[PDB]
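> please work out how this folds:
(chains A and B, ligands or ions: 4)
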Number of protein chains: 2
Amino acid sequence: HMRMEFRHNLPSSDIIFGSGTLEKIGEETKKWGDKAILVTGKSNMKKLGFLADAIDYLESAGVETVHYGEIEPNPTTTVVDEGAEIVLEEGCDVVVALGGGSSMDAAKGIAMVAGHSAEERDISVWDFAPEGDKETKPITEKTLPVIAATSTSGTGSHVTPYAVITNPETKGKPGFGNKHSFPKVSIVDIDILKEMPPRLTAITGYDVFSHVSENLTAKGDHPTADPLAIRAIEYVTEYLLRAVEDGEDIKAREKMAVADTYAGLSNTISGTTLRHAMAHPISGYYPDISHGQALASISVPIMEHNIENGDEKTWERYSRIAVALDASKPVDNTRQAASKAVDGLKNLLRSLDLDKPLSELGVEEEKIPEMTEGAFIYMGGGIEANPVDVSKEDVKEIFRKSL
Amino acid sequence: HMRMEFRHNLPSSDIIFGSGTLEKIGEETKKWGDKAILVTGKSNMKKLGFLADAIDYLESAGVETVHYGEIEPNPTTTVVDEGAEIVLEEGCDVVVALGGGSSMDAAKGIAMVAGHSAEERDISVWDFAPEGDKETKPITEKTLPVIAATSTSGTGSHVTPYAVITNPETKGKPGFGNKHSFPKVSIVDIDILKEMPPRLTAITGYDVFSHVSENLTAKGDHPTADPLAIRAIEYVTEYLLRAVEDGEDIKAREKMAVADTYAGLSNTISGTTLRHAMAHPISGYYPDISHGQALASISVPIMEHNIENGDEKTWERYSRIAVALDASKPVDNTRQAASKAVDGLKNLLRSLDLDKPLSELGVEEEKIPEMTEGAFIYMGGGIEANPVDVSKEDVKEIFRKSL
Ligand SMILES: NC(=O)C1=CN([C@@H]2O[C@H](COP(=O)(O)OP(=O)(O)OC[C@H]3O[C@@H](n4cnc5c(N)ncnc54)[C@H](OP(=O)(O)O)[C@@H]3O)[C@@H](O)[C@H]2O)C=CC1
Ligand SMILES: NC(=O)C1=CN([C@@H]2O[C@H](COP(=O)(O)OP(=O)(O)OC[C@H]3O[C@@H](n4cnc5c(N)ncnc54)[C@H](OP(=O)(O)O)[C@@H]3O)[C@@H](O)[C@H]2O)C=CC1
Ligand SMILES: [Mn+2]
Ligand SMILES: [Mn+2]
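Residues are numbered from 1 along each chain as shown, chains lettered A, B, ... in the order given. Ligands and ions are numbered 1, 2, ... in the order given. This is the structure:
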């Protein structure tokens, strides 16, 4: 018998779940600071009115608030470092996020830079970012406390330590963070999530599936995440399409919000693999490409590569994924039973209209070697966690099959 | 549609899982203190040799160690308060537990008393213990850090904030604790667990099932614990009997150790209900009665009472339990489908030889009103979490049916 060995690490988590829980953003933030910077996108939270509510709740609680509504999708080092300057100039002592993964990651990055800086600064978020064997700057408890109110059922960033920041100079899009950047309080408000338009619901919904399906097949044992990851796939297949077709289907929104929370906890305990490692340089070199669409456009080839070079333990995991996708009935540990996850995958991608080759997104074949370099330089952890080896030419071939 | 509302709270968790992970008890304890008190039972850890190993690893790591091997099953206030005096007399700054729930709870209690005490003491663990509407003493970060190495696949105490301490004067056996008493590091060593004799494997195995089955049916929504609780029941039904019949079945031991870890995390997020609330005064008034056997001897009547006074949401949960116990195939939300959990329960109790009336344990009918008073005084939280009301006469009747 092969013995089981693993180490489970999950930072303290405090999740407020329900509709209208934005109410609490003020009371909770006060416990951590008296003056907050409110990190958000540029239009939607404002247009929908939740920006005004959050500011009200914060002020009403007694938290003086500086609004930083500059976060564009796929946040950049410049937008994080410039928000940190505002934290240092205004003396903010707590970072509050209201938005999607782009807002919550920019918030964590701002908390890192501002907490480790001198008076005027002297450090950039990129110092914390992996890059080859570059000795990163340690992320310590100096990191400012973070309050995260997610507006999308996609990234699970409200319950992960990670921030994914793009460097426009290098085009790298690495993730980084630890227990000191895990949000102190996480707010999931169904009234905010239900306003996701259909396309946004589909994109972010598939990010949930991408996290848990990679967490399950990551190398090694990780049994504390597996039940959460499995349950998330079951919720995706049962409720994601319901949420896209009817944004006001509250039960479907609640299930995706729980599934997205599962993915955050699961992704903290375990980790993503080749699919995420290759989707990052896509959004890094093509910033107008959504993270979820990049994941979808390369999933089929990647899952086929891991299955063809896999073993019975990995095949058993892909088989459970297929069952959770309603693509099969019995779990088995063969190459054939694992292949049914590819059929269930294609079905999920089709029902969501996410099955597009990279060509239809704007990616060009000339960019392959650069994106491959980007995957290994900035996502080495994901490549290592993948259940099967991949050389630099394996990844180049995968990219071209996805064109 | 009924909206979903819940708050998830889980303290930071650090779990080292494998065989021979007692190796790490020294390195990990050093990160938290230089002089530890080693809290253990009186004979088994010593007889099996793991006491000598732990002391070695601790010394070898540079942690001077004072051994307190006085913990008897169902720890008492006196044994916790006397261990705290040794912590204060010797100047220990970290509490290390090597044993079952009785050792790990006594360790948490020692950490509480010693951390909040003056020079000589002036406070007892009972000050922290619930007792009617008695204003308990707040448990704060003053609590000494705790390192927990479990020796049994039963209580999940290595990943819970709780300590269950008996007061011999009152006979109460309440549980108490919070984030400040959650072990900093948790070590699960298969080489220690596999030495559990058959009866101990059966008793502690059923405590795992008792936690998760009550966590699932606790009142309100708690979806972050449910997948872990379900997966634990599946592991119990598939592997617990294998572990009892062959203590050296390593895969069965690993599954019960994971299932026991599931139960700890689940019991932290959710909570136990009537079964635990009534099993405590049993061990409180009859200290030689094992916690797990007390749970088993009252389960059938309690589960029948909750099912008869339940609703469709509660019935659906008991139905999922029945499916996980191999007692049924389809999940449904009816009284009939829920009743199949009782059949699967009786099957589990029979295969483990735990189906004994309270009479065969030594309980006497004259003790009913006292045990009922004990349930409400010291386990009010569990009664409140139960999915259906229970009056004081409901609990008296339940006790007599279990005789
Ligand atoms: N663990 C982690 O840290 C993870 C991080 N990520 C990263 O996090 C980011 C996630 O991006 P994602 O969160 O998917 O979407 P983004 O947050 O990047 O942007 C979402 C877009 O949809 C709009 N929007 C957001 N919420 C709503 C709503 N409730 N109703 C209407 N419109 C809305 C926003 O408007 P506005 O412009 O006003 O915001 C924005 O234009 C990506 O960069 C991804 O790489 C991905 C997975 C995990
Ligand atoms: N979350 C919590 O805090 C929970 C707490 N509990 C409480 O925790 C306690 C749990 O008691 P439990 O842990 O079930 O058993 P105990 O730890 O109370 O005692 C176990 C008995 O078995 C022996 N033993 C323990 N491990 C081994 C082994 N590996 N090989 C051989 N013999 C062994 C011990 O010997 P020695 O005498 O040498 O130790 C002792 O006699 C109970 O008091 C229960 O009420 C229950 C559920 C949850
Ligand atoms: Mn993602
Ligand atoms: Mn118990």
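> since we're on residue A:60, how many residues are nearby?
Close neighbours of residue A:60, defined as other C-beta atoms under 10 Å in any protein chain shown, add up to 11. For the C-beta atoms, the positions are set from N, CA and C on the backbone; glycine is no exception.
> show me where the stretch 1-150 of chain A has strands.
Taking DSSP state E, counting those that start in this stretch to define them, one finds strands in the stretch 1-150 of chain A at A:6-10, A:13-18, A:35-40, A:64-68, A:94-99, A:146-150.
> over to the residue of the stretch 151-300 of chain A found nearest ligand 2: give its phi and psi.
Nearest residue of the stretch 151-300 of chain A to ligand 2, counting by C-beta to the nearest ligand atom: residue A:224, 17.1 Å away. The phi and psi values for residue A:224, taken as degrees, to the nearest 10, are phi -70, psi -20.
> residues in chain A within reach of chain B, list them.
Taking C-beta under 8 Å from any C-beta of the partner chain, the part of chain A that reaches chain B is made up of A:1, A:3-19, A:179, A:190, A:221, A:223-224, A:226-228, A:230-231, A:250-251, A:254, A:258, A:261-262, A:265.
> not counting sequence-adjacent ones, nearest residue to the residue most central in space within chain A?
Among the residues of chain A, the smallest C-alpha distance to the mean C-alpha position (C-alpha atoms, centre = their mean) belongs to residue A:155, namely 3.5 Å. Computed as C-beta to C-beta, 6 or more residues apart in numbering or on different chains, the closest residue to residue A:155 that is not its neighbour in sequence is residue A:101, at 3.2 Å.
> counting neighbours, what do you get for that neighbour?
Burial of residue A:101 is recorded as 27 neighbouring residues (other C-beta under 10 Å).
> check the one 4 residues further on too.
Using other C-beta under 10 Å, residue A:105 is surrounded by 31 other residues.
> ok, now how distant is it from residue B:178?
Counting by C-beta to C-beta, to the nearest Å, the gap between residue A:105 and residue B:178 amounts to 31 Å.
> before we move on, the earlier item: need the strands of the stretch 1-150 of chain A in JSON lines (columns: mean neighbour count).
Conversion of the strands of the stretch 1-150 of chain A to JSON lines gives the following (neighbours: other C-beta atoms under 10 Å in any protein chain shown):
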{"stretch": "strand A:6-10", "mean neighbour count": "19"}
{"stretch": "strand A:13-18", "mean neighbour count": "22"}
{"stretch": "strand A:35-40", "mean neighbour count": "27"}
{"stretch": "strand A:64-68", "mean neighbour count": "19"}
{"stretch": "strand A:94-99", "mean neighbour count": "31"}
{"stretch": "strand A:146-150", "mean neighbour count": "30"}
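> pretty sure residue A:260 is touching residue A:154, no?
Yes. Because the distance of 6.2 Å satisfies C-beta atoms under 8 Å, residue A:260 is recorded as touching residue A:154.
> name the residues contacting each of those two.
With contacts defined as C-beta atoms under 8 Å, 6 or more residues apart in numbering or on different chains, the residues adjacent to both residue A:260 and residue A:154 are A:204, A:208.
> on that earlier part again, the strands of the stretch 1-150 of chain A: which one's closest to residue B:186?
For the strands of the stretch 1-150 of chain A, proximity to residue B:186 was assessed by C-beta to C-beta; strand A:6-10 is nearest, at 8.3 Å.
> follow-up on the earlier one: take the strands of the stretch 1-150 of chain A and write them to a markdown table, including distance to residue A:206.
As requested, these are arranged in a markdown table below (distance: least, C-beta to C-beta, whole Å):
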| stretch | distance to residue A:206 |
| --- | --- |
| strand A:6-10 | 24 |
| strand A:13-18 | 22 |
| strand A:35-40 | 24 |
| strand A:64-68 | 29 |
| strand A:94-99 | 19 |
| strand A:146-150 | 16 |
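> please identify which of these is closest to residue B:185.
The minimum distance between residue B:185 and the strands of the stretch 1-150 of chain A falls on strand A:6-10, with 10.0 Å, by C-beta to C-beta.
> neighbouring strands for the closest one, and are they parallel or not?
Each strand that strand A:6-10 pairs with, and the sense of that pairing, follows from DSSP bridges: strand B:13-18 (antiparallel).
> name the SS class of residue A:377, please.
With DSSP: H, G, I helix; E, B strand; the rest coil as the basis, the three-state label of residue A:377 is helix.
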